[PDB]
Structure formats: C-alpha cells, structure tokens
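Asks: Take this sequence and fold it.
(4 chains, ligands or ions: 4)
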There are 4 protein chains.
Amino acid sequence: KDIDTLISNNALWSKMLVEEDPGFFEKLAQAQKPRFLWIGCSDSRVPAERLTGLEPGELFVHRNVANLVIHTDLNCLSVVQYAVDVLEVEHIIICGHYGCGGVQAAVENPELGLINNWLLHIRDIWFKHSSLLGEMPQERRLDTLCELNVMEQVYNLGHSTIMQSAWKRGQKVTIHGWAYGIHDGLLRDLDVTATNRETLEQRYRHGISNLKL
Amino acid sequence: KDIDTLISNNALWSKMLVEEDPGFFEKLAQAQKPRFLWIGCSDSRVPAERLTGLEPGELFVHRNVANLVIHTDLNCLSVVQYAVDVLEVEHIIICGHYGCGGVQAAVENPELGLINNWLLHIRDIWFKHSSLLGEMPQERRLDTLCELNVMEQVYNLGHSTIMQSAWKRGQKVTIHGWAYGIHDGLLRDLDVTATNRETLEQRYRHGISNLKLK
Amino acid sequence: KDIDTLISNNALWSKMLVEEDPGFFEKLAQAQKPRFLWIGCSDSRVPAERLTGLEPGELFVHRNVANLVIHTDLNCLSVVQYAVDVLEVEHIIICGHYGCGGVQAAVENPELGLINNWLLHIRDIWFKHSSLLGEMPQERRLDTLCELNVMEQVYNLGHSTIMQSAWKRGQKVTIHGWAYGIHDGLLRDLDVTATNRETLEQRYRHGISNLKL
Amino acid sequence: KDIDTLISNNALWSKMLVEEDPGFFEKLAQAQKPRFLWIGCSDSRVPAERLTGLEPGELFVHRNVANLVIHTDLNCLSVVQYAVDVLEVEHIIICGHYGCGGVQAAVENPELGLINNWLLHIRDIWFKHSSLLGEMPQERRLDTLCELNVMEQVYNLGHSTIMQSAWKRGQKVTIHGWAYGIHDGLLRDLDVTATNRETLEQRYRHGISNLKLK
Ligand SMILES: [Zn+2]
Ligand SMILES: [Zn+2]
Ligand SMILES: [Zn+2]
Ligand SMILES: [Zn+2]
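Replies: Numbers count the residues shown, from 1 in each chain, chains lettered A, B, ... in the order given. Ligands and ions are numbered 1, 2, ... in the order given. Take a look:
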C-alpha cells in the first residue's frame, strides 16, 4: 500500500457507495452536531469509530501523543472549548491504550528529540505515583501507568476553565476515562466518571485509591 | 445512543473479531510502524481509515480544529517530530474537508470564545488571498478557502525545522495536501505535494496560481 | 562579573537603600496596580524602565524572542488577559529594537534549532511585505522589517479575543507600537496607535501605507 | 503619568547619556553576548538589572505570569534554547518574588478567565506539597509556595531536552533558583543550583527537604 493505492482505493470506495449505498452520504448531510468528543492517542491503534460503532459525524476527535490534556496546550484546549461551548457535546471520552509507545517512551526515556518535552508530562505522573507503582510487579507497571495517565488527564480536563464554567452554569457534560487492550479491543472503564466538580474530585480520588493496595 | 450503548457495541465488536477475524489482533500484536501521518480536522466527517481503506495501525494521526499546522503549536509539532524522526513515516497527508465548520466560523467570525484565537490563523489566509478570493463567485469562496488553508498548512509544515532537517539529511518524506466533500467522499489532490525544499516552494506557488485559473 | 558578584552587588545595594533611601521600598508597598503592559524582546538591550523612567511596579512586562504576539501563544496571551481583564492596564506598548538578533536571524535563516520555528512568524512578515521591502535600498530593509514586525504584532494583539471583548464592552485600552535604536535610545512611535476596533484597522493600514512609496 | 510623559522622559534620558555617559551606546554597539538568562515574573517588582547591578546587554530576559517554565510552553523553551545554544549563556536564573499576585491567585482561585489555566501549574505545586505546607503556620504558606514554585521550575528547566543535551555534551550551563521580597529587595538563594543531571536531582531533593526543617 503506497500513496497511489490510497487515492484509487478512495475513488472506488466512493463509487461503490454512490452506486450501492447512497444513504451513507445522505446520513452525513442530515447528520446533526456530534454528541461525543473523543480525545485519544495519535497511535490510533484501533480507530474510535470501529471501537464504539459510532457513525461518521457522531463524534468530534482530538488526537496527540499519549492522549494528553496539558493545562496550557491551546491546541487541545481549543478543541475542548469548541466541543463544549459551541457544539455542546454531552460526553467527553479520554481513551488511552495499553502498550502505547508514548507512555513506554516516557519510562525508558530515550533521547528522541523534541517529543521528549511533551512526554515529560508523563514522567511526572510516573514519579507522582512512585510508591503506588512500586508496590506492583514489574510487568504491570506500564499498563498501570497508562491507566494513571488517563485518570490524570480526566482530572486536568475537569480543572480547566472550560469545564469549570460549564459545570458552574449547569451544563450537563460528563467526562469518561477509558482504555483498551490490544489483545481484545475490549474497552475498560477507569471508573472516574465526572458530571460536576464534586464527582470530579471524589471519582479521581477513588480511582487512585483502587490502584493502591 | 448513550454511553452504555457504546460499551455494548464495543463488546459485540470484540467478539465478532476474535471469532471471525482472529488475524486482526495478531496483525496489531506485531508492532509494525505506520508509514503515513494523517493531519485532519476534529470534525472527522468521514474517518480517515474509511476514506483510504488503511488497516488499523497503518496511520499515525493528529486532529485539531481545521487541520492547522501552526509554526509554534508544540502539540502538532510533537506529533510531526515523532512521526518523522522516530516512526520515520514516508508520507504526511494534511486533509481538509469542504463545509468545514472551523473554516466557516473563521469567516463568519461569531463571538465563540477561546477558539476564535485559533481561528485567526485561518482569517489570516482569508485576507492574504482576498484578491484571488474576490475574482470568484461568492458561493465558491468558502470551498476555495478550505483549499487555500490546506495549501498553506502544507507550506507551513514544509518550513518546520523538522521537515527542513529531514529533507536536508536525505530522509525521503513526502508531504501531501488533500480535501474531500460530503457528497461523495472523493479525495481531491490539491497538487501541492512536496519532497524537498525546491518542490515545496514551486508546488505551493503553482497551487496558488491554478486557483486563479477558474 | 560572575554569579558571586550579583549576590554581593544585591546585598550591598539593598543595604544602602534601607540605610539611605528607605522610601524606595515604601513606594513599592504603596505601589498601586501597574497601568502599563510592556511587551518587548528578550534581548532587552535597554531595559524598559530606564527607557521610559517608570518606577518599579508601574509596568507589567512580557518578553520573548523578537517581541511577538502569536495568535495562539498562551504564554503571551495569558500575560495580556491578566493585564487587561485583571489589572486593567490602560496602555499596552509593543516595543521592538533596530538590530534585534531574532529579526536578523529570521532573514539570514541559519540552522539554529528549535528557535527557528518561533522565528518563522517573522519570515512570514518578511515575505508578506516583499515588494514594499524590495523598493528600498538593501541597508534599510532590516530596520524596516523590525518596524513591520512591531506593526503586525500590534495588529495581532488587537485581533485577539482579549482586546476584542475589552473594546466591545467599552474598556479604555490603548495599544502602541514603538521601536528604539541603539545609537540614541530614542523611542520612535510607529503611529499605529489603536483605541478600538476602528482605529486598529485604520492606523495599521496607514502604518503599512507610510512605509510604501 | 500618561504616554506623552514617557516620551519626554525618554528624550531627556537619551540626552543625559550622549553628553554625560557617551561610552554607553558604544558599549552596546559592540554586540557582546549576554552571559545570563533571567526568567522572572511579569510583575517585575524590582527590575532585574537593578536587583543585580548588571549593565544593559548583559542579560537575556524572559517574563511570564509567575515565572513558569512549563515543559511544553514553546515561548519560554524558545528563549531557553536560543540562550543556551546560540548565545551560550553560562547561568540561568529563575527568580520568584514573595507576595507574587500570580501565586496568590493560584491559591485563592478567583474566576479570572483565561489566566486560570496558566495558574493550574501552580495549583499543582500547592497540592503536591500539601503536607509540607500544612506542617507550617498559615501565614508562612504563601511564601513557601513562592519558593516551592521556583524550585519546581528549576527542576522542570533541568529536565528540558535543551538542558539535558547541553549537560550531556559538556556545555557549562549552571541553573539557579532565587527569590526576593519587597521589604529589602534582598536576593535569597533557594539552594537548588544545578550544573548537571546528578546535581539537579540532589539539590532539588535537598531543597524540598530543607523546607521541612522550619
Ligand atoms: Zn499511544
Ligand atoms: Zn472541519
Ligand atoms: Zn531583540
Ligand atoms: Zn509575580
């Protein structure tokens, strides 16, 4: 599969649809605003649509290395502000994946270049949860960190001006922390679901509590 | 559809893979590195893997409002630098889409909040090609702006220190600018494809010249 | 002058003041909020205070390479938002300097590393004003670009959500574009002063008009 | 004082230099590169050149709300990378100040607008040392937080790829963490000074340990 394949793939996939499944494009035209914002990793190991069965246009997507929400990344903050205040999504899903290359790179810490600064936000989680991660056998620490990262970015998202204002003014927005494995593509809920400032703190605090012994 | 629906859709998707297509999670077990970086818009009207037929794990992907490549957005630059220097993708594709609401709102300029600052980069492109855009019928402008955007993001991408270093050190990295519409999902090459500094400039200049045509 | 000098410098400069000029620190305690926001270059060839005679605490300062306001730099945008909405400054001054190393680096374009991406925002001005800059003798193009850069960042600052909202709601905020030379430290007004959206566009458009022949 | 005042102050400053101190603009004509990068807070209660007595042209300077060094702020990273790789400064100084309104508002947490997102990085430091901060009298906390901030920004700076690369390739670059108050302008070494990876970690750890003392 080279570039020349992608275009002819597309040209025959579009031609089969207009000939055979015309409602696909008509579904897109009558597609309403998305109700889901998906924040995922650039690895995109399984695409979000196939993972959840969402139709085209039903979800708004952001992706960056290791699905981060940095307090001061305007790229991601601008996706969220537009999602919550303009489109008025009802669910934000943050989704990590076990075996993510960014997360593993943050632990091994090779000299990769510019990307290492982005990843410093994960080394910080790794060191924040040092004792929690220590208590566990070596072979589970990478997937645990993948989970901790997702929980921390849920925590970060809820603490931003976008979500703070939305919840203060009563807008119904729910944040979910998810992860899936490569063996089964089975979504796993990290159980840190937040619907307001109150549940944000309790569920986060409980989420960290369950990983500890 | 609510959240429990997605969970049950996911469960029923997982099983119809492990029984019908077991060589799927195997194909993903083997960490085979993506050959393509797709920079698209968060709108994701038609998912990239559907538009192209690429298997999961064959594309590295970044998505923001209106598929921008801003010279000093560390988020997208981190994605690009990781794709080029670590994964060593051979092709980067910036894909816009006609009818893009980020491009619409840049022009209409409602008071949306934080996002209007992101959108000023698009309004910059609007004003830059004001003349070109005026020589056209009004109904054709928004879509020309969607094409101008992609073409300027390709220009910006080629100018990043990442792309400059890779091209100077001999790494084959080709950059493409595409767009599609909702009526057929047909990909449209904007013809600003670049493989080194010289083609970056000549194809960009050629791309702005061909919109003068009609 | 090494590090050890700076500390003992400070320890005797503070000691002379408390002994001899105590009103300096008492002026600081009763110092009200600043009325000026200064956005300048990291070169800081002449410090802003000596350039204008402002007392300590009278100005709020941001500095970055080549005094830029990028549409989406949250570092600078956050300084401005805090300056305009919290401190309620009355004047924002953007100040470039002839002979700035960032501006010159953007034209010569050496392979400097990470910084070159920041500077791409100036190469863009250089190419935006290609014909205007061409019409002039080679030896004036660098200082002209220094001036164009300042005007463009005034233009950018006025177009941000911070200033747009402030002017819509009637807040009196004035943006100034300044530059000084190294031969005399004489401030030069670029005459693109904006007090609302209307003057923003007229003065910017006139500022570019005066550089052309 | 309004704008015309600054213009006339500037004019009367220029002349009292060219007549009384002509070897000032000469000293600046010679492009002698700064040996110091000062990362301070936009509050600039006492200008850095006054605090230290450094001549103009001897310091490269960056200033933001609460003198932050965020891992992914390209603005400050650009300043640092230019100072270390091009100017080759030998010392970097991050200087906080007691009474800093950015630190105050991080704790008090009013609904200020866009700036609260910048300030979340400080609230992160507050929560991190919650225990340390609680073993102290309340009136001493805000100032301890001002010191904790500087110490964490030094930690962050030392971890940037810029500082990692320079230390690994042998470039003498020393990083310092300082603070001062308004009552005397006396500089206070926070003692987290670092010259390589090993001292970065040990001085940081030692710095958080010594605030447990009293
Ligand atoms: Zn990943
Ligand atoms: Zn779009
Ligand atoms: Zn400069
Ligand atoms: Zn401060």
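
Asks: what about stretch A:90-103 and chain D, any contact?
Replies: No. Stretch A:90-103 stays clear of chain D (C-beta under 8 Å from any C-beta of the partner chain), getting no nearer than 13.2 Å. To be clear about C-beta, it is placed using only N, CA and C from the backbone, and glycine gets the same treatment.

Asks: That stretch close to ligand 1?
Replies: Yes. Counting by C-beta under 5 Å from the ion, ligand 1 is contacted by stretch A:90-103 at residue A:100.

Asks: okay but residue A:107 is in contact with residue A:126, surely?
Replies: Yes. Counting by C-beta atoms under 8 Å, residue A:126 is a contact partner of residue A:107 at 6.1 Å.

Asks: what about those two, which has more around it?
Replies: Set side by side, residue A:107 and residue A:126 show more neighbours around residue A:126, with 19 against 14, by other C-beta atoms under 10 Å in any protein chain shown.

Asks: which SSE is the more buried one in?
Replies: According to DSSP states H and E, residue A:126 maps onto helix A:115-128.

Asks: Restricting to C-alpha, output the helix or strand that that helix is followed by in PDB.
Replies: Using DSSP H and E, the helix or strand that follows helix A:115-128 towards the C-terminus is helix A:130-134. In PDB, the C-alpha atoms belonging to helix A:130-134 read as follows (Å, rounded to 0.1, in the frame of the first residue of the first chain):
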ATOM      1  CA  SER A 130       6.100   6.200  42.600                       C
ATOM      2  CA  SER A 131       5.100   4.200  45.600                       C
ATOM      3  CA  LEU A 132       1.800   3.000  44.100                       C
ATOM      4  CA  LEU A 133       3.700   1.800  41.100                       C
ATOM      5  CA  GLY A 134       6.500   0.300  43.200                       C
END
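
Asks: now for helix A:130-134, which elements pack on it?
Replies: Under the contact definition 3 or more C-beta pairs under 8 Å, 6 or more residues apart in numbering or on different chains; DSSP states H and E, helix A:130-134 sits against helix A:141-158.

Asks: how about the helix it packs on, does it get close to chain C?
Replies: No. Helix A:141-158 does not reach chain C (C-beta under 8 Å from any C-beta); its nearest approach is 14.5 Å.

Asks: got a list of contacts for the helix or strand that that helix is followed by?
Replies: Once the chain leaves helix A:141-158, the next helix or strand it forms, by DSSP H and E, is helix A:161-168. Outside helix A:161-168, the residues that touch it by C-beta atoms under 8 Å, 6 or more residues apart in numbering or on different chains are A:77, A:80-81, A:84-85, A:157-158, A:173, A:175, A:195-197, B:114, D:111, D:113-114, D:116-117.

Asks: all strands of chain A, in order?
Replies: Remark: strands assigned in chain A by DSSP state E are A:36-41, A:59-64, A:91-97, A:174-180, A:187-189.

Asks: got CSV for those, with mean neighbour count too?
Replies: As requested, those are exported to CSV (neighbours: other C-beta atoms under 10 Å in any protein chain shown):
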stretch, mean neighbour count
strand A:36-41, 26
strand A:59-64, 26
strand A:91-97, 25
strand A:174-180, 22
strand A:187-189, 17
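
Asks: Report the angle between the helix holding residue A:126 and strand A:59-64.
Replies: Orientation of helix A:115-128 against strand A:59-64 (axes from the mean of the first three to the mean of the last three C-alpha atoms, to 10 degrees) gives an angle of 100 degrees.

Asks: close to ligand 1, is helix A:115-128?
Replies: No. Figure legend: helix A:115-128 not in contact with ligand 1 (C-beta under 5 Å from the ion); closest approach 10.7 Å.
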